[PDB]
4 protein chains.
Amino acid sequence: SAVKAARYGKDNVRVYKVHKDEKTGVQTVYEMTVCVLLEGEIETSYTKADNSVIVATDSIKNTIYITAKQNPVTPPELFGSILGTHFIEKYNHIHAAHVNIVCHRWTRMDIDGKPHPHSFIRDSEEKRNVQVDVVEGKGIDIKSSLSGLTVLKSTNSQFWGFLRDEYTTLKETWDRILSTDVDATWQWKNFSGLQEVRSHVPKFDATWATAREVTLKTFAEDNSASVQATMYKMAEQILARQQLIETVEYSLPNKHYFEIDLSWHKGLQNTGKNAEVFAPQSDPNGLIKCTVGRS
Amino acid sequence: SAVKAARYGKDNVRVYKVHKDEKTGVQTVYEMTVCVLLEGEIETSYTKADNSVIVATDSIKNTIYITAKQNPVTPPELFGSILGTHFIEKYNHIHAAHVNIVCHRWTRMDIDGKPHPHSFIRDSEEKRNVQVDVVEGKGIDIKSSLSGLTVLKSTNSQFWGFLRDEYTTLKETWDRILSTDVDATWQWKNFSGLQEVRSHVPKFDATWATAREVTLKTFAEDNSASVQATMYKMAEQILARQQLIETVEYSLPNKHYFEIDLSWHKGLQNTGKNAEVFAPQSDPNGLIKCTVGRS
Amino acid sequence: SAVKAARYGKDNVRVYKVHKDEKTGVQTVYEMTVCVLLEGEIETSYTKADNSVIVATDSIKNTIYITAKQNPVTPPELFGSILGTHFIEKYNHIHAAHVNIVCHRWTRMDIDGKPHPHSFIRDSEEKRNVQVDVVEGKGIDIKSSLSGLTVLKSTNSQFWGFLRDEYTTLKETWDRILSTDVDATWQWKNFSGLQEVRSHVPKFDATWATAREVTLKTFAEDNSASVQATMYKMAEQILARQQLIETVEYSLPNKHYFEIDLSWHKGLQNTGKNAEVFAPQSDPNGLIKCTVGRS
Amino acid sequence: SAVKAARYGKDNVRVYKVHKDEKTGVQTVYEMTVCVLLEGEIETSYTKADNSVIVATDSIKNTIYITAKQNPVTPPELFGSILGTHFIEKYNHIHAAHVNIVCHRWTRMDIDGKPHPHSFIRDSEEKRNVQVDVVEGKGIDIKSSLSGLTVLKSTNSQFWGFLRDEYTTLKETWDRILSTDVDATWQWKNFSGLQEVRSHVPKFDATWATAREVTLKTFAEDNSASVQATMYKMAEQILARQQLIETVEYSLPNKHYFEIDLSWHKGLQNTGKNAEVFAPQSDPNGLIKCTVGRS
Ligand SMILES: O=c1[nH]c(=O)c2nn[nH]c2[nH]1
Ligand SMILES: O=c1[nH]c(=O)c2nn[nH]c2[nH]1
Ligand SMILES: O=c1[nH]c(=O)c2nn[nH]c2[nH]1
Ligand SMILES: O=c1[nH]c(=O)c2nn[nH]c2[nH]1
Ligand code: NA
Ligand code: NA
Ligand code: NA
Ligand code: NA
């Protein structure tokens, strides 16, 4: 037998950092969960019980805290690139670092219509994520994403003209509820190293904001022919607005809300144009994915 | 042996309702999860296999949908009271109904600075809940609550002057992070029946909004001596602003963020006044509760 | 305003303990999650910011570890009683301690048909729990429970003869699937203090085992007329077998498995006697509860 | 812009099937959660709102139930292959089907030392899974796995001789607790189609059982030098026992249990050889992975 692939590291490292503006008194908080996995010439730890090649996962944890202490933690694309680069430069036998970061929302509170200097609210479980792969000699590959954005529209969604055969019971519809949890990922062109990532720093926050805005606007405004058609329109616009993105991927559950026929009860009318009360379905769910790239 | 207490019903009934303004075209959605448990002269279903006394839990489910079709679902205090009253009036042998409702947030989207007619976002997992107990001959008892409101302040929290003995290792502090998930419940004076609940309908939304606002403002502005002291100030203000509330209960986890001593690494200073990077602790957590009533 | 009720303490304290038999080399592990909440003359911490009355929740955490170090942790009824008694005896102004313990399964592995000295498996998420309330001058009240025991029988369950009215659509049935997650609690007669709890130590494990066995046997063997009727038979037997129990409470979800009519597809027969494939329903669910005591 | 990749289908389809032996009266239940995603010439549904190419996800759901009605559902490797093959044969424009199945445990109850004909228990959340990719013209690729197997050993684990530098604080140890949740996947050689999968049917259950047994025995018996070294021994043995497996992958969290120094309290000794009470850590956790193949 032989080791074909191996990676190891520390997962679920929770980190909080505060920045204190000494002039204005304003404080800003960041909280993240970080995973770092390393690859390299480490096969002998598996095959010969040779621990000399192992950077202990506990040391990886320490490194994450030290790196957060000494560097900015935002945008997460930059922090992940610094962290990944550290490992491949520091350790001769480590040749790739894989860094995943999940950013948790801490939104500044408005009290009496003014922004509070040091109090925050978690407004929603929506996350901003990054995956950074730093590979010695092959640069830095960054995938950025948003996830956990849950939306619903109560009309202006249709689904008709699909294939009908002996397996089909679904009725065509010209008016339905559409609800989904949005997972959207944009993949950056490969960067040659940390200098290049630093040169593009302002684009990271701006592109996240654009991706979010395009998603929300398109969802709200599209008279949707299907999840497939609407998601394609989103990806198209993101690619048009940021030339440094190579691909955009969307993965969307279709969370069903079923009509409830109440006509058995005193002829109560609750279907089609008369539908007011629906039963949200926890499962099953449609799952629709697409990756869109440049011509 | 004897049946000392018994209740039964349907849990986790998900309900969505849409309202369509025909004039303006604006649509408004409500989504809830409902539980209804009944009590009454039902002992023989347990002791003698006498199903004749059982209103099937499936029928309870149907009733919830029918009641939602025929009545407003907001404020949830009113809907729960209508639903509970139904069971005790319809069935001679049922003498109490216990209705729990969890309201899920669907917040209207703003697209280009204007409110969208039919698109919504789940902004946070914060819930608005009610527990309504309708007891034949004893009226309607309503407890209203908010839960899942997660906040953090990065300074202006202290904790010193606590009991120190041979079990104590905790250092006194004059500056710490305070973070919690807020669960707050206000209990209404008993209502004589549905007419009285209807007469107070405008107070329900207003008091929820007041409870939320008082919680957020007090948390943000109090130079907190302890969780205990800050939560008491919240409850005091709510009771002052709504005379129809008898008690306010808060249950608050104290979610710890620990300093990380990095001095072992090149004398790096990250504690006390120099603390910038902290480790959020998933467990254990403080749990602090208080019920405040009138003198 | 006045403090009507208050309690505070530490939740989610995870504890592991190992016992090493020096003779045989056999090791036995216990893992628990513990919550301790205290009550007493602590109102001024809420109303006057007087921290002098507060035993810090961090000290409560330390106490749990120290108590585990110096005492047996099994049966959990004994450990909880020792822990609760500690607080009311040590601190003059603390008059009640509320201890909840959840015991996690670590079952000794059998390797090649022999019990391994030091390797364990988590066989199921079933828990054994205790709630111990130690109240100064009123003794020790103990509720013991099992929870998270999930069972299914594929036949020998019926449900017919229930009330039918204009809200009813459910068909009567003489053969259905019955599946539930069992939560069963037995409440001990009040104990005068720790000496009395110690005198009954062997009864705690034995009664847990009896409760489990009675639950499983009755579920498997009863030709069930309803969840109500079957659960009553369980509680009756437990009370008969242990005179020191005052009440038994069961809380049982009815997890529905629905027939799927496939007759629309080539006349495929999959209902009634021909039912083979079913759709488990995640929600809603029946919820049936009963508390049974002595005549 | 262009569609670079696309797949869509139905996730979280819960299925139960019962088999009734008419002779013996014995019933056997299977419960699974199924996901089917399709690929093919479906780009126009995204780019041109052309729904004519879409097999509705609701029809995919129907197909899963119909296929379960007409075929055995065990071993899951066979069921997944039948289900995937169906889609590529039935629909000319669909060229790949991706089927994921999670099998849930329903273990026959023993009542009074005999196997019950129709009552079952969920003994643990351990799952048996399959991923089947059926690609037109390229055969059937099957990955089988077990997951959610949680184990702990209280001694006979060591970790010393790892790299030490200015980032290292971890002490070497010759005796520690080792606990993990096992995720193990074995990948079968490519099969040419359903006939070939059918010819190997007996190997699927046998290899699952072997993988499980090897995992448990090796974990219990290895005087472990590291997670890396122990997991390699497991994978080596599985590959040796089943020639039709090409690779074995393990992904193992290292769930830490920390010593608690209690010496601050009356010189209490609870570290090194005197360690009895430990604090399980919910996070962070080590994560160690390896893929082992043939020389
Ligand atoms: O078994 C281990 N492997 C590792 O890589 C490691 N790192 N810290 N502790 C560890 N234990
Ligand atoms: O066992 C049951 N008890 C009930 O109360 C009920 N209601 N619907 N189905 C049911 N099954
Ligand atoms: O606000 C606090 N209240 C408490 O009771 C406590 N105990 N430890 N830390 C604490 N912080
Ligand atoms: O938008 C949709 N896309 C689909 O592929 C589908 N299938 N059923 N319903 C559907 N809705
Ligand atoms: Na390197
Ligand atoms: Na009545
Ligand atoms: Na006392
Ligand atoms: Na095909």
Side-chain angles (χ1 to χ4, degrees), chain A residues 1-14 35 37 42 45-47 49 51-59 61-63 66 159-163 165 167-170 225-226 228-229 231-232 235-236 239-240 247 253-254 283-295, chain D residues 1-14 35 37 42 45-47 49 51-59 61-63 66 159-163 165 167-170 225-226 228-229 231-232 235-236 239-240 247 253-254 283-295:
Chain A
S1 56
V3 176
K4 290 213 63 182
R7 64 181 65 182
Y8 83 103
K10 199 73 149 186
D11 197 2
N12 296 303
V13 179
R14 300 183 63 188
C35 176
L37 299 174
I42 56 169
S45 65
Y46 297 87
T47 61
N51 295 338
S52 75
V53 299
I54 297 173
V55 175
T57 67
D58 189 78
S59 309
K61 175 187 77 180
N62 291 337
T63 301
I66 291 161
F159 191 63
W160 52 265
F162 48 91
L163 192 153
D165 66 4
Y167 297 91
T168 309
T169 53
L170 180 67
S226 64
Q228 284 89 335
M231 75 201 289
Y232 183 83
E236 199 167 38
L239 282 170
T247 60
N254 183 4
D283 53 74
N285 58 275
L287 179 55
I288 315 307
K289 303 180 175 282
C290 191
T291 300
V292 178
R294 299 171 184 290
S295 289
Chain D
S1 56
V3 176
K4 290 213 63 182
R7 64 181 65 182
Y8 83 103
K10 199 73 149 186
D11 197 2
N12 296 303
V13 179
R14 300 183 63 188
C35 176
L37 299 174
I42 56 169
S45 65
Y46 297 87
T47 61
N51 295 338
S52 75
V53 299
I54 297 173
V55 175
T57 67
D58 189 78
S59 309
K61 175 187 77 180
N62 291 337
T63 301
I66 291 161
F159 191 63
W160 52 265
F162 48 91
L163 192 153
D165 66 4
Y167 297 91
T168 309
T169 53
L170 180 67
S226 64
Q228 284 89 335
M231 75 201 289
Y232 183 83
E236 199 167 38
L239 282 170
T247 60
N254 183 4
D283 53 74
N285 58 275
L287 179 55
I288 315 307
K289 303 180 175 282
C290 191
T291 300
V292 178
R294 299 171 184 290
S295 289

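Naming: A, B, ... by sequence-line order, numbering from 1 per chain. Any value given below was found using the heavy atoms of this structure, including those in side chains, with hydrogens, waters and symmetry copies removed.
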Exercise. Between A/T57, A/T247, A/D165, which residue shows the highest count of heavy-atom pairs closer than 4.5 Å to chain D?
Worked result: A/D165
Exercise. Picking from D/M231, D/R7, D/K61, D/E236, which has the most non-hydrogen pairs under 4.5 angstrom with chain A?
Worked result: D/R7
Seminar exercise, completed: Counting heavy-atom pairs under 4.5 Å with chain D, the top scorer among A/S45, A/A49, A/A235, A/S226 is A/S45
Problem set entry | Among A/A225, A/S59, A/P253, residue most engaged with chain D (heavy-atom pairs, under 4.5 Å) | A/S59
Problem set entry | Part of A/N254 within contact of chain D (heavy atom distance under 4.5 Å) | neither
Exercise. Tell me, side chain or backbone of A/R14 under 4.5 Å from chain D's heavy atoms, or both, or neither?
Worked result: side chain
Problem set entry | A/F162: ring-ring contact (aromatic ring centres under 6.0 Å, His included) partners, not counting sequence neighbours | A/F159
For this session: Determine the minimum heavy-atom distance between D/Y232 and A/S1, stating which atoms define it.
Result: OH-OG, 2.8 Å
Problem set entry | Distance-only side-chain donor-acceptor flag, A/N62 / D/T169, under 3.5 Å | yes
Seminar exercise, completed: Closest non-hydrogen atoms of A/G293 and D/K4, given as atom of the first, atom of the second and distance, are N-CG, 3.6 Å
Problem set entry | Beyond-backbone contact of D/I288 with A/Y46, side-chain heavy atoms, under 4.5 angstrom | yes
Seminar exercise, completed: Note: vs chain D, highest number of non-hydrogen pairs under 4.5 angstrom among A/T47, A/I66, A/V55 is A/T47
Exercise. Do any N or O atoms from the side chain of A/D11 and from the backbone of D/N285 form a donor-acceptor pair under 3.5 angstrom?
Worked result: no
Exercise. Is it the side chain or the backbone of A/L170 that comes within 4.5 Å of chain D heavy atoms, both, or neither?
Worked result: both
Problem set entry | Part of A/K10 lying under 4.5 Å from any heavy atom of chain D | both
Exercise. Based on non-hydrogen pairs under 4.5 Å, which of A/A6, A/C35, A/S52, A/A240 is most in contact with chain D?
Worked result: A/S52
Exercise. So which of A/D58, A/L287, A/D283, A/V53 has the largest heavy-atom pair count under 4.5 angstrom toward chain D?
Worked result: A/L287
